[PDB]
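Just one chain is shown here, as structure tokens, and it is the form deposited in one PDB entry.
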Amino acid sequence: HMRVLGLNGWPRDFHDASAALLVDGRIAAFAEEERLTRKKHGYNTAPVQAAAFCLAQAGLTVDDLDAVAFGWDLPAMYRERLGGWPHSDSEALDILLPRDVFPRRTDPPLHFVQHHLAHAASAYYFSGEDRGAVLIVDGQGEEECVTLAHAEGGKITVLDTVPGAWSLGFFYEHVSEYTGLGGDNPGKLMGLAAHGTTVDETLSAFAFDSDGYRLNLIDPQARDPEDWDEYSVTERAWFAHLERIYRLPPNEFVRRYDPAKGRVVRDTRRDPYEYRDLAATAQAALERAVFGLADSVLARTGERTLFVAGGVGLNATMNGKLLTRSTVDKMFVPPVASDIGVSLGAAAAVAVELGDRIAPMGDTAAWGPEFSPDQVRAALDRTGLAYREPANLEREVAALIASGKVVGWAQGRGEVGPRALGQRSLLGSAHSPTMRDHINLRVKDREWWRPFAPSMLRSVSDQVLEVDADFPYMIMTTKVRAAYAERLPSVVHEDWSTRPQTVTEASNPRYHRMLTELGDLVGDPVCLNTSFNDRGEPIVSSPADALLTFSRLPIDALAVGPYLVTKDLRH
């Protein structure tokens, strides 16, 4: 078997560090650095913890690897932007895989994979489809912000690219920053957009055409002479433009000592909800641009299957509108469409070059660490909390959810990507018309306007959803059928749209059993499934992380491995 370790993350100005290990084309392990370090977004680091976990999980050392692959062409970026690539392969490996954590006798072959090739590999090779059009829409790779390519016969061939100064991902991050949501939280902008109305989707900046878009605000060949990407140049141009054309100036961040918290805390000067029409208009602009790019690559390649990756591929609202287009029959977007996926993509590209066949992802993203009952018990015994070991944990959790309680669920291998998918989730009733406000305001103390989404059995999804297909990742919106347009108020929008996870018995037996039991109580085997964290931390990974979060949030119960902990309500 070939064993290839893919990596993302570097100590200089990088984000989304992660590591993925392919063994004979199968995902043996995959983790994001932030989940193990507890530092959101995996900034400015090699993926030391994630790679250490992957090797441990597989029972390997670096000497057992056939290759190490990195999801950017770093030598090219250093040569073009920083005056030269100074590292031998051995020196680069010492930075990526420091010897104090990764002892080795010799160096594995090191491969640098062009960033958009890594994104494209993370979609195509794991899709279960033998051919299709590839659309990569990113912030920026080494140079380009968009790649259109043709995936066929195991090969990916580039058709066209768009230069970085025209980035749709940077545009959307800059609007998110302008509204006060923050450029690091573009998912919040997508949720805010649902509450606004679009006036003029060009924003007096875009011109749209049947193949995509033009941006008249900035020279497409603009390059920052003092940086290695175009983010600061695009930021300056977009902030100036938005202040000219939109009725509100930028929201500002405010840092003030809060005596209730005993710390300086960051807030915004205005409520970001005031910018909802800008959010709606930016989302409409993004959608129209991407519809053109998607139509273009499908038409050029003669395909009707669309593979999307790059960070903009996390835009589930946009993805759902692509799926319904007359030009698209099938679509695949991996849960790791953002830069966290280029570790996996780089490993895949290299594994394919080495002659392996890559297995489909298969309706799960559960590749991170898991913990045995003894390991969970060790973490529980640290807290001193009382707990139970239910004879039928799934049936008890279903009854708690049916009654309107919120249950933390930490089971099996951690899912990868930004969405909880029944491995590290907070669960609540899909049928309750008060549950959305309860979890947004009482549990998470976040914005009232944030949406929630459901998990449901794949075996009922053809009845619940208008499309009979797998939706394993909560990465694509669709509509419910009439019979469910009012029954599921916490997880279905007024317009009947929803962003589902379908669950198969093979994908997640425990979660499947719990939803089955819940269906016997509330009629539909469907629940609300949100991230097990709050706004200030990554999704929990270890049993100790789950207990720490459980203890600070007014959650009713925690099902962690085979154990059930309930809030200590004795005065």
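Quick note: we count residues from 1 along the sequence shown, nothing fancier. For clarity, a rigid core is taken as the largest C-alpha set superposing within 1.5 Å between two forms.
Form deposited in another entry: not shown, discussed below.
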Candidates 246, 496, 273, 208; compared between the shown form and the other one on the rigid core, the one with a C-alpha shift of 2 angstroms or more is 496
- Query: Once the two forms are fit on the core, has residue 95 moved its CA by at least 2 Å between the shown form and the other one?
  - Reply: no
- Query: Does residue 378 show a Cα shift reaching 2 Å between the shown form and the other one after rigid-core superposition?
  - Reply: no
Checklist entry - Cα of residue 482 displaced 2 Å or more between the shown form and the other one, core superposed? => result yes
